[PDB]
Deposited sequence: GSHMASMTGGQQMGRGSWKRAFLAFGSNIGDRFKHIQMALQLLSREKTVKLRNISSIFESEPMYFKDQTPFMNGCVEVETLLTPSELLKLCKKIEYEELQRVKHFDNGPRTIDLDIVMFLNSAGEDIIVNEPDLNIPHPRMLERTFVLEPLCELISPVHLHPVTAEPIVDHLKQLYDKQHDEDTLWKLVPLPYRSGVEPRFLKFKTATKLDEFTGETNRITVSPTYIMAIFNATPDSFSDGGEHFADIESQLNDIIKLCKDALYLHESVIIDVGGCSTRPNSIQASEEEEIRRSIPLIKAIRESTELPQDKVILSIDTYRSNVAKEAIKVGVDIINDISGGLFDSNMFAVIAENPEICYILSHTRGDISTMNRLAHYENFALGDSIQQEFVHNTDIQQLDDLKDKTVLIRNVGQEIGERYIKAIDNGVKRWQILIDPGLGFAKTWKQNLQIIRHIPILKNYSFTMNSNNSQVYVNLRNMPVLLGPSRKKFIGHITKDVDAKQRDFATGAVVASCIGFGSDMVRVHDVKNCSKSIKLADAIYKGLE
């Protein structure tokens, strides 16, 4: 047979994420159960008892040979087994082998879960996994409509933070990237924008990481300065260490060379007593799985892969082995030497496979003409979606992923502008797709967006600045606009100055005053 089920999970005791992970491990170990998709991780206000620790919540989609009743027993076994060394595992919905929702109303078991339409912490992660046309079996209304209805009440009690796990550090509490969303109807990120500082460990151009190249002591001092500049106005900073050039047609450092450039420097930052370690997050810009693996060993938090797994087929396997590492899935085409030729987006690669496209949970066939105005962002969204599907198929968890539409990567200067304008569409883009004899639903809602506009050629074209070094002021303006269009993180060169821009844009657009 193989039936389908959606289960809600939650914990508000101790290491909540470890309780969740253990429950998912226990499910997966069953011969009768197959994990298909997991939602983002959300933090929510306790619904019933406000004096308690906030809950960590999500949803998991499984394929199972078990009957509803057999599955419920397993959920109870798991809850008990976890208590042995604190986790709730409920059946939310259960579909038969034909993909139809079943209803059970027995003394012991009620499917769908009787409380689900009351709880944003159920519906939000659930609707990351089910499409806008999925109806509630009892009400016959789309579940997304029931979600919208809850948000429409405008109770801050119903508000969710999304948490993206970061690695544990000794003596430190569990670490996350955090994103709070609010509604007004439109949904908007209202927590501070993350600043990612660029650090190039390449010899490429004297003006940018050029002179201190291969000198770890000098480089570290540069990084201490960056952190001080950023932390003046911000609570956190990400330092993105890059040992490989990603500029169109640039010669590629060897792996051994990239490792030598990046890894000792990450080790040195992480070991520094001159840095406030708790406010400093470490990223490595690499498309190489082995470099990522080495970086993880020396205490990196984020793998920033401009190819989204395209350059190394073992990258996803590395990320999958490290559930507390954060992975940036960036959009590109071809490779570094050919991408310039591939900036053409009229035709849709997976066009034939696409069954249905949705913007803000509405079929775009019914938002007529929007389709014609959003060719580029939907094309980029589908290609990000395809990378995402392959990541999930290779053990990467949705909860680990940030997305980046990849400004400048197989895109012209006019296209980069259009991508900035259309971030709100991207953030609310979803589609169903035929994939290996069965249907798959890709939902970009809640996937935090990183943009890297800094010093890019597209700015220079408009401001007539030939040299990249003189594009910092203009970058300030563009960064403000990126945030205004919904960017959750920005990658920048001029940290001291862009920090001011980010803070102002956050005040203006987010009310963070």
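Where C-alpha coordinates are absent, the deposited sequence of this PDB chain has the segments 1-16, 102-110, 210-216.
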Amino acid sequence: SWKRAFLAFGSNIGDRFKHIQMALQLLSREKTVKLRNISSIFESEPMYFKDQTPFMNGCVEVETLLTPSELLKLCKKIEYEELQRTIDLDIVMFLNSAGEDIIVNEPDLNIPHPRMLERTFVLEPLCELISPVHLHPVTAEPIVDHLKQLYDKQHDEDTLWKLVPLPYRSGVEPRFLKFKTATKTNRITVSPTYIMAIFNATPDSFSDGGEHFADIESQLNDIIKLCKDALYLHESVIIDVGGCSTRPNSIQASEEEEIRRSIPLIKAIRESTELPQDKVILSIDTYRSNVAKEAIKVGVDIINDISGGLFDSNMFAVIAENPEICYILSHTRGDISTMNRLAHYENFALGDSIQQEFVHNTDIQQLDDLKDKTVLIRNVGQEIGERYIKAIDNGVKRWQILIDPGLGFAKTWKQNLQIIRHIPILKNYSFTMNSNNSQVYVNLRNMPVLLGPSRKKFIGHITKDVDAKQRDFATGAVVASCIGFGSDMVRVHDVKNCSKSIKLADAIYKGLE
From here on, numbers count along this sequence of modelled residues.
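Comparing 240-248 with 390-398, the stretch with the higher mean C-alpha B-factor in the PDB entry is 240-248. Higher mean CA B-factor, judged across 502-510 and 4-12 from the recorded values: 4-12.
Within the listed group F55, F458, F485, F49, the record reports its top CA B-factor for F458. Of the candidates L350, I263, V122, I328, the deposited coordinates give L350 the top C-alpha B factor.
For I143, the recorded CA temperature factor ranks within the highest third of the chain's modelled residues. Among the modelled residues of its chain, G210 has a C-alpha B-factor that falls in the highest third according to the deposited record. When the CA B factors of the chain's modelled residues are split into thirds, the value for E324 lands in the lowest one. For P165, the recorded CA temperature factor ranks within the middle third of the chain's modelled residues. Split the chain's modelled residues into thirds by C-alpha temperature factor. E82 is in the highest one.
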